[PDB]
Each structure stands twice: as structure tokens, then as C-alpha cells.
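A.B. asks: Here it is, the structure in full.
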Amino acid sequence: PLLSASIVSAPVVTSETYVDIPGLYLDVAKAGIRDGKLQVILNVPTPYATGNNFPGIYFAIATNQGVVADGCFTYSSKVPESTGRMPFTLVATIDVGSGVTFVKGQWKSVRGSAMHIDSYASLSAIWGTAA
Amino acid sequence: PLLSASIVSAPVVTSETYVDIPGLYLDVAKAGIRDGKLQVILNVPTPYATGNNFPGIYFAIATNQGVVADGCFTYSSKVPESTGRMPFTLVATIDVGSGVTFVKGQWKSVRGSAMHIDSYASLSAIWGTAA
Amino acid sequence: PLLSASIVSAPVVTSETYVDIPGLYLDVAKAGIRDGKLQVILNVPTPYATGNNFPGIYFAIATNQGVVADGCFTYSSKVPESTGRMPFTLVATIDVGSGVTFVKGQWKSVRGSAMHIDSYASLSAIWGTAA
Ligand SMILES: C[C@@H]1O[C@H](NC(=O)c2ccc(-c3cccc(CN)c3)o2)[C@@H](O)[C@H](O)[C@@H]1O
Ligand SMILES: C[C@@H]1O[C@H](NC(=O)c2ccc(-c3cccc(CN)c3)o2)[C@@H](O)[C@H](O)[C@@H]1O
Ligand SMILES: C[C@@H]1O[C@H](NC(=O)c2ccc(-c3cccc(CN)c3)o2)[C@@H](O)[C@H](O)[C@@H]1O
């Protein structure tokens, strides 16, 4: 009933759209889970953003149906003196009965920001069923 | 065994006391849960605070018995150049056997701050029983 | 199936190595859990760091086998005007079958920082077994 994927880095990218964070992927269908609920946690404890205009990163939890939940961090200065690490966690509960076969973490730039993961990050789920 | 409530906004308020975040409410009694433990996650991934004196927000998890756990974020400048988004997660485990009928997220101003949610936020619980 | 430990303070320390956060300890063996998986959440919602050189704190989840996962927060200024509270959550899933008898939260200084907890912090686990 516990699913988990974790990474320690990702190639630095920018994106104006949500794009997969490589490695943060849970295959629900492959685990034989076809109904009930998943409580999903995207945990990016040590990201940073680089950019010229109050940098930050949007993160999402997505399924094959798209983004279920999202949020961001942003710095409080236009060009931070140093881009500090800004812990980020997002939590969503999904109905698998809706047609879900996978869960992924995604990211999007804030204002053109380059997006950095260079240490542990995780995607976690707990499956709960009323049966 | 998985409970969830989520919002995308709340009216902007100030408060010197913990006050409910509208919509972040789980009715435990209504789910027929009267004993065991709940692991509760309050997830406010994208809040900001506005104010004149090192702004921030306190968040709590509360039951009908009151606040079980709380914490805050605060900015590192007196009047931030821009009030950046400051991800916030709080996690507490409650004994339902103690007399619990609901769980809520609450917020309180730091130093007079106006409190802002204008995107996804969640309250989640997993029920665990030794029986 | 739900384990939890929580604190409201810890003596202020520095460390160049990961050192236990007193009180954030889960005894897995004592609970008779010897296989399956644990989804562990370290939740430090209100820490701050004090120091002279872009302060911050590293946090880890560790077992008797060592650190499984870690991350940090850091400020974006060399000597913050005020050291604001920087919420921190870390999530990891552990195989108990690997030889695990306890789970702990740990911390390490960033750049010599003194490490501060003076309010609620938690260590949480959910045990999941395929049996
Ligand atoms: C952009 C700057 O990044 C610096 N950190 C690192 O360069 C770094 C390199 C490896 C790690 C790192 C992190 C978390 C867990 C671990 C352990 N695998 C390792 O951090 C910060 O100190 C600074 O404040 C800035 O944000
Ligand atoms: C106060 C400023 O707020 C800005 N963001 C927004 O005005 C905004 C409007 C909708 C959203 C928003 C957030 C997270 C997920 C989603 C998607 N539903 C949408 O953000 C920041 O960029 C800036 O750094 C400051 O903090
Ligand atoms: C270092 C400064 O610390 C200040 N907060 C406190 O001195 C304080 C003392 C007790 C608490 C505190 C926190 C969270 C939950 C609770 C409730 N038990 C209580 O905070 C900040 O306001 C400021 O921005 C700075 O970070």
C-alpha cells in the first residue's frame, strides 16, 4: 500500500508549462491499483531557482488526467543575493476510480527561472480503499 | 481510511487568534471514526503574508478540543520587497479516542499580517487503528 | 500502524555532522515491526538558523543504518536582517526488511549555523505491509 520514487538530481531546465521531473513517477496501474484513493506527497525539500525577476518554481502533482494540485515558492527579492534553498511539499488525495494509471511530479518556471534539484526529492503515495 | 479537503482561495483576513481556514475541515464523526489514530497533514504550499513588520502566518491543526499542533513562516526583512510564496506543511497525529469529532486548519497573523491563500491548499488525514 | 513523536524545543547547538534531534525518535523494533515499509515524515515547520554566512540547517531522516534522506533550507542573504522561520518537511519510504530498528530526525549546521527549534516539530511514520 506504500509507493515511493526518489531522485538526487535532475537536468536544469526552464519551462513555461508543467513538465515532468524525471524519476518522480509512480506507476499505479502496474501495481494493480484500479480504485480507491491515493494520498500523494510531492516532497522537494531543497530546490532553488535562478533568474532575474523574483525567481521561483511551480510544482505539481499530475496523473495521466493532468494536474490535480500545484503550488510554488518564490523569493522576496528581485535578484536574491544568494538563491537560498526553499523547502517545498505538496499533498493531494486522488480517486483512482476516476481513471488513474500513474502519478508524477512536475515543475514550471516562475518568471523564466531555471529550476534546480541537486539533492534528495521524493514522490510518495499511500493507497486507501473502503473495501 | 483517507480523508481530504481542499480549497483554492480564502477571503483575506487578519487575526490575533487562531481562526478557521474556510473549507479546510474534516468531519471525523460523520465518517464513523470514533477511536484509533489520525495522521493529519495541513498543506499550505503557496501562502503569503502582507504587513509592515516582518510579516508571516501561523497555521494550526485543531480539533473540537482545540489546537493540537502549530507553526509559522516569517519573512527575513521588515517590509519585503515582494512578499514571496512560502510553502508550509504541518503534520500531527491525533488520538480519536480522546473525544475527536472534526479536524480543521486554522491561521493567525504574525504581527498584524494579512493572510493570503489564492491557490490550492489541503487538509488530509489517514486513519489507523490497532484493531 | 501510525507512529508519532513530537517536541516543542531542543537545546541550541551547532554541528558539522548529522546529530540526533532529541525526542524525534520512533522505536520500530519495540513496536514489533520487522518487515514491510514505513513512510516517514520529518516535519520541522518553524525552525530558524543563526549565523554569519548565509545561515541554514540540514535535516535528515536516519535509521540505525544511517541517513536515508536529507535536505536543507538556507537564507538568501549573508546575514539576514531577521532570521525568519523557514518551514521544512522531508518524506522518505524505508524498507524495514533491510534491518531497521528505529527512525530518527537529525540536523547539521549550514556554514556554522546555530540550530533552533522552539516550537512544535514532529516525526511520523505509517507502516505498510504487502501481507
Ligand atoms: C544555491 C546555493 O546552494 C547551496 N548548497 C549547495 O551548493 C549544495 C550542494 C549540495 C547540497 C545539498 C543540499 C541538501 C542535501 C545535501 C546532501 N545530499 C546536499 O547543497 C546552499 O548552501 C546555498 O545557500 C545556496 O542555496
Ligand atoms: C505576492 C506575489 O504572488 C505572486 N503570485 C501570484 O500573483 C499568483 C497568482 C496565482 C498564483 C498561483 C500560485 C500557485 C499555483 C497556482 C496555480 N493555480 C497559481 O500565483 C508571486 O509570483 C510573487 O512572487 C509574490 O509572491
Ligand atoms: C527568530 C524570530 O522568531 C520569531 N518568533 C518567535 O520569537 C517565537 C517564539 C515562539 C514562537 C512560536 C512559533 C511557532 C508556533 C508557536 C506556538 N507554540 C510559537 O515564535 C519570529 O516571529 C521572527 O520572524 C523570527 O523568525
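In the C-alpha cells, chains take the letters A, B, ... in the order shown, each chain's residues start at 1, and ligands count up from 1 in the order shown.
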Which residues are near ligand 2 - at most 10 Å, using only C-alpha atoms and all ligand atoms? Format: as a VMD selection string.

C.D. replies: (chain A and resid 53 to 60 67 69 to 78 110 to 111) or (chain B and resid 8 to 9 45 to 50 81 to 86 116 to 121)

A.B. asks: Please report, as a PDB file with C-alpha atoms, in the first residue's frame, each residue of region 2-120 of chain A to which DSSP assigns strand (DSSP E or B) when run on this structure's backbone.

C.D. replies:
```pdb
ATOM      1  CA  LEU A   2       3.028   2.406   0.099  1.00  0.00           C
ATOM      2  CA  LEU A   3       4.517   3.633  -3.190  1.00  0.00           C
ATOM      3  CA  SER A   4       7.662   5.713  -3.439  1.00  0.00           C
ATOM      4  CA  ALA A   5      10.089   7.154  -6.005  1.00  0.00           C
ATOM      5  CA  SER A   6      13.077   9.346  -5.236  1.00  0.00           C
ATOM      6  CA  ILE A   7      15.837  11.222  -7.054  1.00  0.00           C
ATOM      7  CA  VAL A  13      15.723  23.386 -17.252  1.00  0.00           C
ATOM      8  CA  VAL A  19       6.952  19.314 -17.376  1.00  0.00           C
ATOM      9  CA  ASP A  20       7.764  16.022 -15.716  1.00  0.00           C
ATOM     10  CA  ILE A  21      10.503  15.954 -13.062  1.00  0.00           C
ATOM     11  CA  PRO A  22      12.437  12.905 -14.313  1.00  0.00           C
ATOM     12  CA  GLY A  23      12.288   9.982 -11.901  1.00  0.00           C
ATOM     13  CA  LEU A  24       9.348  11.250  -9.865  1.00  0.00           C
ATOM     14  CA  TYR A  25       6.906   8.784 -11.247  1.00  0.00           C
ATOM     15  CA  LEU A  26       4.630   6.163  -9.662  1.00  0.00           C
ATOM     16  CA  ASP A  27       3.051   3.511 -11.893  1.00  0.00           C
ATOM     17  CA  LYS A  37      -7.901   6.690  -3.090  1.00  0.00           C
ATOM     18  CA  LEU A  38      -4.226   7.640  -3.113  1.00  0.00           C
ATOM     19  CA  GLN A  39      -2.836  10.265  -0.712  1.00  0.00           C
ATOM     20  CA  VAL A  40       0.107  11.639  -2.692  1.00  0.00           C
ATOM     21  CA  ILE A  41       3.013  13.679  -1.285  1.00  0.00           C
ATOM     22  CA  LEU A  42       5.447  15.535  -3.554  1.00  0.00           C
ATOM     23  CA  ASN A  43       8.455  16.435  -1.425  1.00  0.00           C
ATOM     24  CA  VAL A  44      11.133  18.750  -2.874  1.00  0.00           C
ATOM     25  CA  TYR A  48      16.387  26.559  -5.715  1.00  0.00           C
ATOM     26  CA  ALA A  49      15.514  28.825  -8.660  1.00  0.00           C
ATOM     27  CA  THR A  50      17.823  31.085 -10.649  1.00  0.00           C
ATOM     28  CA  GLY A  56      10.748  30.662  -8.096  1.00  0.00           C
ATOM     29  CA  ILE A  57       9.367  27.279  -9.149  1.00  0.00           C
ATOM     30  CA  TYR A  58       5.862  25.916  -9.544  1.00  0.00           C
ATOM     31  CA  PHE A  59       5.443  22.240  -8.664  1.00  0.00           C
ATOM     32  CA  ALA A  60       2.505  19.970  -9.472  1.00  0.00           C
ATOM     33  CA  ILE A  61       1.188  16.558  -8.803  1.00  0.00           C
ATOM     34  CA  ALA A  62      -0.189  15.131 -12.059  1.00  0.00           C
ATOM     35  CA  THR A  63      -1.785  11.953 -13.327  1.00  0.00           C
ATOM     36  CA  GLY A  66      -3.336  16.131 -15.785  1.00  0.00           C
ATOM     37  CA  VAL A  67      -2.519  18.366 -12.804  1.00  0.00           C
ATOM     38  CA  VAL A  68      -4.520  17.592  -9.651  1.00  0.00           C
ATOM     39  CA  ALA A  69      -2.797  20.102  -7.345  1.00  0.00           C
ATOM     40  CA  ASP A  70       0.041  22.655  -7.582  1.00  0.00           C
ATOM     41  CA  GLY A  71       1.829  25.423  -5.719  1.00  0.00           C
ATOM     42  CA  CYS A  72       5.098  27.355  -5.759  1.00  0.00           C
ATOM     43  CA  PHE A  73       7.781  29.075  -3.799  1.00  0.00           C
ATOM     44  CA  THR A  74       9.168  32.490  -4.821  1.00  0.00           C
ATOM     45  CA  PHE A  88       8.516  22.569  -0.839  1.00  0.00           C
ATOM     46  CA  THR A  89       5.863  19.954  -0.048  1.00  0.00           C
ATOM     47  CA  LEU A  90       2.516  19.382  -1.762  1.00  0.00           C
ATOM     48  CA  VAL A  91      -0.177  16.940  -0.698  1.00  0.00           C
ATOM     49  CA  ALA A  92      -3.236  15.763  -2.677  1.00  0.00           C
ATOM     50  CA  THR A  93      -5.695  12.916  -2.491  1.00  0.00           C
ATOM     51  CA  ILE A  94      -6.760  11.329  -5.778  1.00  0.00           C
ATOM     52  CA  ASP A  95      -9.662   8.994  -6.677  1.00  0.00           C
ATOM     53  CA  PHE A 102       0.215   6.895 -12.937  1.00  0.00           C
ATOM     54  CA  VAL A 103       1.201   9.807 -10.711  1.00  0.00           C
ATOM     55  CA  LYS A 104       4.080  12.198 -11.409  1.00  0.00           C
ATOM     56  CA  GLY A 105       5.748  15.319 -10.073  1.00  0.00           C
ATOM     57  CA  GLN A 106       6.049  18.229 -12.471  1.00  0.00           C
ATOM     58  CA  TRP A 107       7.609  21.663 -12.421  1.00  0.00           C
ATOM     59  CA  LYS A 108       7.215  25.021 -14.233  1.00  0.00           C
ATOM     60  CA  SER A 109       9.350  28.148 -14.077  1.00  0.00           C
ATOM     61  CA  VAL A 110       8.273  31.293 -12.276  1.00  0.00           C
ATOM     62  CA  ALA A 114      15.998  27.926 -14.179  1.00  0.00           C
ATOM     63  CA  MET A 115      14.913  25.064 -11.935  1.00  0.00           C
ATOM     64  CA  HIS A 116      17.332  23.204  -9.703  1.00  0.00           C
TER      65      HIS A 116
END
```

A.B. asks: In Å, with one decimal, what is the gap from CA of residue 79 (chain B) to atom 10 (C, counted along the ligand's line) of ligand 3?

C.D. replies: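 Atom 10 (C, counted along the ligand's line) of ligand 3 lies 20.5 Å from CA of residue 79 (chain B).
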
A.B. asks: Which is closer to ligand 1 than all the others in C:11, C:97, C:34, C:112, using only C-alpha atoms and all ligand atoms?

C.D. replies: C:112
